[PDB]
Every structure is written in structure tokens, then in C-alpha cells.
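Below you'll find the structure, written out as C-alpha cells, and then a few comments.
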Amino acid sequence: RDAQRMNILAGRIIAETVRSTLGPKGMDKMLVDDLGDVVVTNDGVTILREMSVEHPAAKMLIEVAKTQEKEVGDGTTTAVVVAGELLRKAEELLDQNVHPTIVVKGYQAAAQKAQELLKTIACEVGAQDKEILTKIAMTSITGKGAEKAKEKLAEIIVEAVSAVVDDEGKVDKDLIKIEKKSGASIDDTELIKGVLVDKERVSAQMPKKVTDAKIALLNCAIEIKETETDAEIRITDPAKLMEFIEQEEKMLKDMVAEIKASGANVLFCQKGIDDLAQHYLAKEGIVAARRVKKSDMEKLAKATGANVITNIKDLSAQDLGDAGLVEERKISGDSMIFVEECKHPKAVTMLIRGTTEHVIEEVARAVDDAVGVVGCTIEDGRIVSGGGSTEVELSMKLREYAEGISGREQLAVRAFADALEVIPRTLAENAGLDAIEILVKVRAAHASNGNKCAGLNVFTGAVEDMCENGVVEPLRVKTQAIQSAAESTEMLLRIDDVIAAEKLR
């Protein structure tokens with residue numbers, strides 16, 4: 001009969017399935033299909049991509065979340081819980097002979113006024129202050145899941161993201177790279193000065209240690225050339241067999257000799273080399289290597305300032321580059337020259353050590369994520385009181401502003417402020433504490449001239465400061481989440497009624 005009731009009601013069912021999955025701790029709800037593949041995932045968008053929707057109107061509320069996920073990723077679920085709340089309150093006002101045009105006018109006006117509030121409530125932090133940066137380091141280590149050593153693994157990350165920052169103050173995730181390797185503990189990860197390669201030579205004949213040496217960059221191959229004009233190969237002399245085995249082997253003896261005369265003690269080529277040529281390198285003392293990734297040849301010259309060369313047939317003395325820092329060290333046996341820097345890198349690599357691959361994979365997925373959550377702060381430079389601590393403050397500012405606007409539209413403005421009280425409610429119900437009995441204390445702090453970084457701690461379970469413990473998130477997440485929900489929920493209310501259109505393509 002009403003039609004619109006079934007539409008707004010369908011959206012609530014989608015929020016309840018993701019309302020309890022908010023915050024770090026939260027149970028999961030798997031929805032296995034009739035196939036048999038049983039999968040479980042706590043993330044939000046992962047459940048939306050695999051879900052059998054009932055009504056077609058529900059797709060409108062899901063499309064708006066996919067666009068926000070590709071931008072920031074985190075915070076998309078925060079806009080769905082608020083949607084299900086502001087829609088439920090519409091029923092309480094719809095029965096009061098209130099037309100949807102008056103309700104939509106409140107959200108559009110209240111959402112715009114909120115833009116001028118987060119700018120003042122947000123805190124300013126510089127992308128250099130170590131006193132404030134170290135505090136953000138311990139905030140991310142606790143969110144993911146690794147409190148066994150939040151003091152050592154956090155300090156190494158502070159000096160990493162803070163050193164790879166460019167002059168303008170930006171940073172990208174492509175410059176960070178993670179690896180894995182066995183070890184005795186998790187405190188051996190350090191940094192020296194140089195560059196590392198992600199591939200090792202497939203032989204044990206060339207030298208293995210040469211103190212004080214120069215680096216040489218090569219890229220050319222050794223395959224037979226090919227003329228542009230077409231042609232066909234024809235063989236009619238079976239005698240040609242026991243000739244190229246010795247002739248081809250001689251073309252490399254004189255080629256490698258030119259490399260030593262130029263003054264290159266180290267070499268990093270791509271293709272392979274005959275065995276006889278490798279024996280000479282051992283007596284001459286030229287710790288050479290082969291098989292290198294293309295992306296690796298770009299950071300050797302950009303860090304140490306070497307001169308990258310593309311041709312191997314010609315190699316003069318000027319083509320020599322320069323080494324950064326050579327030092328000896330054993331890697332659970334063989335001793336190579338592995339050193340990395342962080343002043344002006346291109347693809348820094350960290351050697352994670354551990355006793356078992358289990359703990360290594362856990363911390364391995366934490367260092368790469370630490371640069372993502374922190375990389376955004378280095379670019380923007382504006383943070384707020386996350387963890388539902390910034391919404392309680394807006395509840396007091398909107399009420400004072402609602403008194404200025406008169407008429408029947410003031411009812412929708414007050415409902416918007418109260419609708420934001422669901423963020424701390426869901427986080428409280430998951431911990432087992434009565435929200436009605438704790439929400440009265442958090443408001444007491446924000447009574448007049450109280451701190452603005454106050455909130456509730458899920459661990460201790462008491463009112464504390466957010467900037468002190470560790471609850472911080474970017475600004476674009478909260479600001480865009482409220483704006484995205486305002487423009488996403490209005491599309492559901494502006495629908496006059498269903499239509500029986502035929503042949504909808």
C-alpha cells in the first residue's frame with residue numbers, strides 16, 4: 001500500500017547484518033550459498049560484494065559504498081549504520097503529517113553546517129614532530145593486532161615513514177616493500193645504508209666477498225640479433241657442429257676482460273654467462289651477479305648516484321657508478337652484502353626475522369599496513385578524535401544551532417544529531433556494557449570547557465583521553481563519511497512511489 005515503507009525497511013535489514021561488525025572486536029556472520037564454499041570474513045565491503053539482495057531498491061544504498069571504498073577503504077561501514085538510524089526516525093515523524101520534502105530539507109542543511117564544525121574540532125599535527133608522530137605509531141600497532149612488541153616494532157616504523165617523506169611532504173605506498181626470512185627473534189630488523197635486490201644468482205662460483213668495490217649496471221641481453229627485413233634460415237652443412245662450441249665461448253673471454261679493464265669490481269646483468277668465464281672472475285676478484293628485476297635497476301642509480309647503462313657491448317671507465325656502504329654480515333650461514341637506506345630510496349626493503357613462519361606472516365602484513373594508515377596523515381596533516389569520540393561532540397553543537405531555525409523543519413535537524421549516537425552504542429553493546437549507563441558520563445566531560453579528545457576505551461572500559469591512549473584516524477574518512485551518507489540516504493527518500501514500467505531494457 002505505502003510501498004515506501006518496504007523500501008526503507010529493506011535498508012534496515014542490510015544494516016543489522018553489518019551493525020555488530022563495527023570496531024576492532026566483532027563477531028562475523030557467514031552466508032554460505034547452496035554451492036558449499038564456506039568462507040568467513042570480518043571486513044565490511046567483502047560481505048556486500050557477495051550477498052543476494054531481495055528488492056532492487058537496496059542496490060542504490062550499496063553502490064554509494066563501493067565508490068567510497070576505492071578512495072579510502074576504511075570508514076565505509078560507518079555510513080551504513082547511520083543510514084539505518086536516520087531512516088527509522090523518519091517513521092516517527094511521518095506519522096505527524098510531515099511531508100518528505102520537509103525532512104530532506106533538514107539533512108541537506110545540517111550536513112552543510114557540519115562541514116564548518118570538524119575543521120575546528122580537528123587537531124593540527126605536523127609531518128615532522130617526533131613527539132606527536134611516535135604517539136600515532138602506537139595507535140596503529142594496537143588496532144591491527146600485535147601488542148607482543150609494540151615498543152620495538154613501533155620505533156622502527158617511525159624512522160621509516162618519516163625518512164622516506166619527500167621534500168614537499170607527500171609519500172606513496174609503492175616506495176615500501178616487505179620481505180620474509182627465518183631467524184631467532186623479531187628484534188633483528190634494522191637498517192644500514194645501501195640497496196637490496198630481490199633475486200640471487202643461480203650459481204656458486206663467482207666471488208662471495210670483496211671489501212671496497214664499485215657497482216656496475218647492465219641491462220643488455222645476449223640473444224642472437226634479428227634483422228628487420230624478413231628472412232629464412234636454411235642449413236645444408238652438417239659439418240658445422242663442433243665449431244660454435246669453442247668459437248662462441250671465446251667471444252665472452254675478451255668481453256669480460258674489458259669489464260675489468262674499465263674498473264668494475266661488481267656487476268649485475270640479466271642473461272646468463274658461460275661457466276669458463278665464471279672461473280676467471282674468482283681469480284680476478286670480481287664479485288659479479290646476474291638475474292635482476294627491471295624495477296631494481298632503477299633504484300641502484302637513484303640512491304647511490306650510479307650511472308645506469310643499457311648496452312653491454314660498450315663499457316668505458318666513465319660508466320662506473322659508486323657504492324654506498326659495504327659491510328659484512330652473516331645471514332644464517334652465507335655472508336652477502338645486504339644493506340638498505342631510507343634518506344632517498346625508491347623501493348626500500350625490510351628484512352623481517354622470526355623463529356617460525358607463523359609469526360612472520362602476521363607482522364609482515366602489519367608493516368605494510370602501518371604505512372597506509374599513517375601515509376594519509378603525512379599528506380593531509382589533519383586528524384580527529386576517532387572511535388566514536390568525534391560524534392558525541394557534534395550532538396551538542398547541532399542542538400544549539402537548531403534553535404535558530406524556526407518552523408516545522410527543526411524536528412529533522414534534531415533527529416540528525418541524535419542519529420549520530422549509534423556509533424558509540426554499537427561499540428558498547430559488543431563489550432557487554434550498558435550504553436544507557438555509560439553514555440551519560442561521556443557527555444558530562446563535554447559539558448562546558450572540557451577536553452575535546454575524550455572517549456570510551458574498549459580495552460580498559462572507562463572514560464579516558466583518545467590522543468593519550470591511541471585512537472586516531474584521518475580527516476577525509478569522517479568528513480566524507482557524513483557527506484556520503486547525506487547524499488546517499490536522500491536518494492531513498494525522494495522516491496515518490498514505485499512504478500510498473502514495462503520493458504525496462
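The chains in the C-alpha cells are called A, B, ... from first to last as shown; in each chain the residues are counted from 1, and the ligands are counted from 1 in the order shown.
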
Name all residues at most 10 Å from residue 351 in chain A (count only C-alpha atoms; drop same-chain ones fewer than 6 positions away) and give them as a list in words.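 Neighbouring residues, sequence-local ones excluded: residues 177, 178, 179, 180, 181, 182, 188, 189, 190, 191, 338, 339, 340 and 364 of chain A.
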
Could you list, as a ChimeraX atom specification, every residue within 8 Å of residue 378 in chain A, counting only C-alpha atoms and ignoring same-chain residues fewer than 4 positions away? /A:126-127,169-171,374

Please produce a file of those selected residues containing N, CA, C and O atoms, as a PDB file, in the first residue's frame.
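Everything below was put into part-v1.pdb:
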ATOM      1  N   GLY A 126      51.974  18.274  12.702  1.00  0.00           N
ATOM      2  CA  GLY A 126      52.960  18.408  11.649  1.00  0.00           C
ATOM      3  C   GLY A 126      53.578  17.075  11.265  1.00  0.00           C
ATOM      4  O   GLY A 126      53.656  16.148  12.067  1.00  0.00           O
ATOM      5  N   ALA A 127      54.022  16.993  10.012  1.00  0.00           N
ATOM      6  CA  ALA A 127      54.643  15.778   9.484  1.00  0.00           C
ATOM      7  C   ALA A 127      56.157  15.820   9.691  1.00  0.00           C
ATOM      8  O   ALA A 127      56.953  15.720   8.758  1.00  0.00           O
ATOM      9  N   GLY A 169      56.491  16.895   1.175  1.00  0.00           N
ATOM     10  CA  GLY A 169      55.781  16.320   2.298  1.00  0.00           C
ATOM     11  C   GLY A 169      54.800  15.219   1.951  1.00  0.00           C
ATOM     12  O   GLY A 169      53.968  14.871   2.797  1.00  0.00           O
ATOM     13  N   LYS A 170      54.867  14.662   0.745  1.00  0.00           N
ATOM     14  CA  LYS A 170      53.981  13.590   0.325  1.00  0.00           C
ATOM     15  C   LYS A 170      54.707  12.249   0.422  1.00  0.00           C
ATOM     16  O   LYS A 170      55.900  12.174   0.728  1.00  0.00           O
ATOM     17  N   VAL A 171      53.970  11.172   0.154  1.00  0.00           N
ATOM     18  CA  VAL A 171      54.523   9.823   0.213  1.00  0.00           C
ATOM     19  C   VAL A 171      53.524   8.846  -0.391  1.00  0.00           C
ATOM     20  O   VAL A 171      52.308   9.017  -0.250  1.00  0.00           O
ATOM     21  N   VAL A 374      49.153   5.602   8.176  1.00  0.00           N
ATOM     22  CA  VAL A 374      49.935   6.784   8.521  1.00  0.00           C
ATOM     23  C   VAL A 374      50.291   7.627   7.301  1.00  0.00           C
ATOM     24  O   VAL A 374      50.489   8.842   7.437  1.00  0.00           O
TER      25      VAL A 374
END

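Among A:196, A:53, A:245, A:331, the residue with the shortest atom-to-atom distance to residue 353 in chain A, counting only C-alpha atoms, is A:331.
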
Selection near residue 390 in chain A, 10 Å with only C-alpha atoms, sequence-local residues under 5 positions removed, as a PyMOL selection string: chain A and resi 118+121-122+384-385+395+420+423+452-455+478

Just-selected residues, C-alpha atoms written as an mmCIF file, in the first residue's frame:
data_model
loop_
_atom_site.group_PDB
_atom_site.id
_atom_site.type_symbol
_atom_site.label_atom_id
_atom_site.label_comp_id
_atom_site.auth_asym_id
_atom_site.auth_seq_id
_atom_site.Cartn_x
_atom_site.Cartn_y
_atom_site.Cartn_z
ATOM 1 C CA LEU A 118 35.050 19.310 12.009
ATOM 2 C CA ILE A 121 37.267 20.246 16.359
ATOM 3 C CA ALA A 122 40.066 18.594 14.368
ATOM 4 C CA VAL A 384 40.303 14.000 14.639
ATOM 5 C CA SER A 385 39.060 12.014 17.655
ATOM 6 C CA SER A 395 25.486 16.298 19.301
ATOM 7 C CA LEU A 420 24.866 10.024 15.385
ATOM 8 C CA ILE A 423 28.383 4.857 16.759
ATOM 9 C CA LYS A 452 37.545 17.522 23.199
ATOM 10 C CA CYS A 453 39.652 14.353 22.751
ATOM 11 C CA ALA A 454 37.694 12.304 25.301
ATOM 12 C CA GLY A 455 36.090 8.970 24.549
ATOM 13 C CA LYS A 478 34.903 11.102 8.959
#

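Residues lying within 9 Å of residue 29 in chain A, counting only C-alpha atoms and ignoring same-chain neighbours fewer than 4 positions away, are residues 17, 18, 21, 40, 41 and 42 of chain A.
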
Put those residues in a file: C-alpha atoms, as a compact mmCIF listing (two decimals), in the first residue's frame.
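Ended up saving to part.txt:
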# COMPACT_ATOMS: atom_id res chain seq x y z
CA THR A 17 23.98 -7.58 9.28
CA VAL A 18 26.88 -5.08 9.46
CA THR A 21 30.78 -5.91 12.84
CA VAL A 40 34.22 -16.16 6.68
CA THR A 41 35.35 -12.53 6.62
CA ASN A 42 35.02 -9.72 9.16

Do a neighbour search on residue 2 in chain A at 10 Å with only C-alpha atoms, toss out local chain neighbours closer than 2 positions, and write the hits as a VMD selection string. chain A and resid 4 to 7 497 to 498

Test item: residues at most 6 Å from range 200-209 of chain A, only C-alpha atoms, excluding those fewer than 5 positions along its chain, as a ChimeraX atom specification: /A:278,281-282,287,289-290

Determine which residues of range 269-404 of chain A receive a DSSP assignment of strand (DSSP E or B), computed from the backbone, and state them as number ranges by chain. A: 288-289, 348-350, 382-385

Would you save the residues of that selection, restricted to N, CA and C atoms, as a PDB file, in the first residue's frame?
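Final output, saved to again03.pdb:
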ATOM      1  N   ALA A 288      80.609 -10.739  -9.243  1.00  0.00           N
ATOM      2  CA  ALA A 288      79.551 -10.413 -10.186  1.00  0.00           C
ATOM      3  C   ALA A 288      78.291 -11.214  -9.874  1.00  0.00           C
ATOM      4  N   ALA A 289      77.186 -10.791 -10.481  1.00  0.00           N
ATOM      5  CA  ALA A 289      75.903 -11.456 -10.297  1.00  0.00           C
ATOM      6  C   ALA A 289      75.052 -11.210 -11.534  1.00  0.00           C
ATOM      7  N   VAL A 348      62.334   0.726  -0.697  1.00  0.00           N
ATOM      8  CA  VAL A 348      63.014   0.229   0.492  1.00  0.00           C
ATOM      9  C   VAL A 348      62.470  -1.145   0.857  1.00  0.00           C
ATOM     10  N   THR A 349      63.358  -2.017   1.329  1.00  0.00           N
ATOM     11  CA  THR A 349      63.009  -3.375   1.721  1.00  0.00           C
ATOM     12  C   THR A 349      63.503  -3.628   3.137  1.00  0.00           C
ATOM     13  N   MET A 350      62.636  -4.196   3.971  1.00  0.00           N
ATOM     14  CA  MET A 350      62.956  -4.511   5.356  1.00  0.00           C
ATOM     15  C   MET A 350      63.045  -6.022   5.519  1.00  0.00           C
ATOM     16  N   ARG A 382      45.793  16.423   9.028  1.00  0.00           N
ATOM     17  CA  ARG A 382      44.682  16.802   9.893  1.00  0.00           C
ATOM     18  C   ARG A 382      44.054  15.534  10.449  1.00  0.00           C
ATOM     19  N   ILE A 383      43.944  15.456  11.773  1.00  0.00           N
ATOM     20  CA  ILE A 383      43.400  14.290  12.453  1.00  0.00           C
ATOM     21  C   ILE A 383      42.239  14.732  13.337  1.00  0.00           C
ATOM     22  N   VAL A 384      41.450  13.751  13.773  1.00  0.00           N
ATOM     23  CA  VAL A 384      40.303  14.000  14.639  1.00  0.00           C
ATOM     24  C   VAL A 384      40.280  12.953  15.745  1.00  0.00           C
ATOM     25  N   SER A 385      39.226  12.966  16.558  1.00  0.00           N
ATOM     26  CA  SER A 385      39.060  12.014  17.655  1.00  0.00           C
ATOM     27  C   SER A 385      38.184  10.872  17.149  1.00  0.00           C
TER      28      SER A 385
END
